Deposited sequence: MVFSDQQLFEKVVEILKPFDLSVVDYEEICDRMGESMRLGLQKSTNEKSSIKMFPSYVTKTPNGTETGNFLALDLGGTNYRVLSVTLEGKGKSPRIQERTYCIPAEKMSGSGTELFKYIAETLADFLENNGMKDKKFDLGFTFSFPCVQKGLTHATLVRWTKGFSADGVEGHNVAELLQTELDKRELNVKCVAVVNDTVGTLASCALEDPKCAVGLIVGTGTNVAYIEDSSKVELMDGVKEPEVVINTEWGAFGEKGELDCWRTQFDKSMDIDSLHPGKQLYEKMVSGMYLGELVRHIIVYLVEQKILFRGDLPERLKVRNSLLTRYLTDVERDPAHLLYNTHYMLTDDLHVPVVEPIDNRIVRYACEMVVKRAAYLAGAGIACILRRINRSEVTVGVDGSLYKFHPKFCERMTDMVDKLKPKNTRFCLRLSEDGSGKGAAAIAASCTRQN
């Protein structure tokens, strides 16, 4: 039909993505309903939002002294760090990022945990500081049942991991074993989640930071809570504890069933761990690109794109990276240059037309717009829980960093839903979870 006609079809199909402020008020409303259920013993096991207490009760003040190691696992890239704190000056740091072989993440646990040690050792040798004894802060980006900071148990693998022999085990001991099998003098290991690590890096700088948001390969938030409410923590002594919400799991009990579309379902169905992390799959960087691919492939079989031809590339899963959604977003009205280049250059689509470019940039915008707003609802929900009148939020993640308009839009959503008397501000966590995990390690 007319190009205009074809475009109007794309609008009608992608309409279920065009959510209203009222929709978000509700997601947020239902979300908050789940978090308070997860803090309750009689209702945690029937809630998707686990609210795992991290046992980090008091955030690092800066007086911490010493030199510690710090690993980062789960995020976009494996960082091996070394921190020196003296409170005093700014914590000295040194670091590396090691690529991990695709196999390592799906084979045996001992094999992955062996790789971890294999790697750290190199760092220690090259920097000429091996025999020195340390205290490692392990930022393990996954849901774990914390039994104190040192003993952490994997609940389940999220994201792109599926190593056997890890789930249900104490990860700190796994690492500690392999470290020993490499003659490395690694005394302690504090297991901290990335959100928790972020909240710490953030508190160390800003005294008002009570939240740690991660919007990268995956989404999750952590916040300071009243330890009188964290029932699974038992009758404790300190007033507070950093809670690892692990909200990626929202929707796992049918809470987002009215807002999830067919693209969300066929993307989910075909994912690594089907049916798990339903809210995350609508928000994070590992899945947003896959959403536009799914829409496309659908649009192509309806003859609404590429005259019905699907390119070899877009047949392979993850062939349409979220990174593309970055350049595509800088496109003005009468200007589909970045979109165009993407179809032809990154995806090698054979024959491409203006309608295709236009249709595709709209698919991106839709997906990316709802993504930000969803995280935004979530922070508005946290702010409604924390209740403090001045909340500094520590952020991190490719989405926040590399995406034009992401934080720009997220904030607008937190703005329509935050407590009218709360003043908040997103403060990017520049030095990562490393500097934050090390201060935590300083006590272990």
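By the record, the deposited chain contains unmodelled runs at 1 to 2, 90, 448 to 451, with no C-alpha atoms placed there.
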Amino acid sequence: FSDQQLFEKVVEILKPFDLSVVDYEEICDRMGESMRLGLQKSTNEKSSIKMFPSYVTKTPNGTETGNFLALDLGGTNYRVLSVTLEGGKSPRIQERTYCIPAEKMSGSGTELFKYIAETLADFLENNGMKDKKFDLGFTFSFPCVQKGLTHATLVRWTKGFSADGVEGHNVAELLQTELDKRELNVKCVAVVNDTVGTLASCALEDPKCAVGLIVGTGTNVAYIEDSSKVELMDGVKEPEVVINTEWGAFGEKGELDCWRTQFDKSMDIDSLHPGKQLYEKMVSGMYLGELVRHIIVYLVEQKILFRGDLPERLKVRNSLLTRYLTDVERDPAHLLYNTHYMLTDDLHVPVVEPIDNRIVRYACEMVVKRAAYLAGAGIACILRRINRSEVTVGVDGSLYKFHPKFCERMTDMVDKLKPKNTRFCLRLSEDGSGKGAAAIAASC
From here on, numbers count along this sequence of modelled residues.
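Stretches 254 to 262 and 278 to 286 differ in mean C-alpha B factor, with the higher average recorded for 254 to 262. For the segment pair 211 to 219 and 69 to 77, the entry gives 69 to 77 the higher mean B-factor, averaged over Cα atoms. Between the residues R293, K104, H151, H273, the entry's highest C-alpha temperature factor is the one at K104. The PDB entry assigns its highest CA temperature factor, among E312, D194, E240, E95, to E312. The PDB entry assigns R370 a C-alpha temperature factor belonging to the lowest third of its chain's modelled residues. When the modelled residues of the chain are ordered by their C-alpha B factor, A438 lands in the lowest third. Among the modelled residues of the chain, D226 sits in the lowest third by CA temperature factor in this PDB entry. Annotation for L335: CA B-factor lies in the highest third of the chain's modelled residues. In the PDB entry, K159 places in the lowest third of its chain by CA B-factor.
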